[PDB]
């Protein structure tokens, strides 16, 4: 009868758990060892001899082996304005990503839903996250239609979000699942680099970094509180807290502008240094209340923005080299898939933990941390607990 009573019945009881993880990538991929030759050829830039050598050095430093890319050589040959450095091309880019982002997201979601093993009609919420394109209705609507979810799913459409947003969607899903009894949240991060792909220029050296690191992929989760063991629900990880902060003295470190030439990034400031200098304050805030101060006692997931961030955090905290292993494995095999990346690493970690026969989904450890890094500079910190294997 009362509002109070309504509220306690309406809400869930326990912590939000990740009940399933599915991933997908375009089948087309490039080996990083071959990418400088390919990139400078298809962008008609082979006369830029010195700049190509610079790009080879950057690609060698990236530690990336393979990247999946929706964009094919055959398609780019028909669309020279996308191969140019700065030609009007946003319409063409939008035409691609407003279709392909939800399509790739659907591939990941189907896999997640199958693992979960419950009826798709049981999904109550959809969180869709991308940095690739915008449209009305959004990608969330298209995913709903493609999957044939109930028309009354509660949707949140997270557009132009950037690299921190794998952590962001965990934070979003956590509150949705925990505040709503029975709620089952389909989370999808889907990224396609057709918005940023362009020809190189010595007037845009930042562009060379993106051209070496960014890649395509999608990851899907089912998130829910109060798992029902009797129908086979089992969490993989449980979320305990999720936080977000802007780093001091970082104003203007990473800007991304959506223009008539597509999405353009601009880098200033020492991003790996800023993150490494500050990350302990986030660890303290997250773990002091839990009585934990040994960062090597944690299982780790960090957004693989590039190798320097990871190397410098490792050095700064004295992490054992094992800690960043799952993060680096994804960077190596997939590149920087923006928001999706930390969700691929979760998948890698729980899969390897099973193969290696250790005691929990978190490399045999109890507590863990997941970091998202993005414009702001923003650092998102999610505290996770493993589950026994």
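Residue numbers count along the first chain shown, from 1.
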Do the CA atoms of 157-165 or those of 116-124 have the higher mean B-factor in the entry?
116-124
For the C-alpha atoms alone, is the average B factor greater in 59-67 or in 42-50, going by the entry?
42-50
Options 30, 331, 342, 324 - largest CA temperature factor per the record:
30
Whose CA atom has the top B-factor in the entry, of 183, 222, 231, 286?
231
Binned into thirds over the chain's modelled residues, the C-alpha B-factor of residue 314 lands in the middle
For residue 34, does the deposited CA B-factor place it in the lowest, middle or highest third of the chain?
highest
Residue 197: CA temperature factor from the record, placed by chain third, in the lowest
Looking at the temperature factor on the CA atom of residue 217, which third of the chain's modelled residues does it land in?
lowest
Splitting the chain's C-alpha B-factors into thirds, which one does residue 205 fall into?
middle
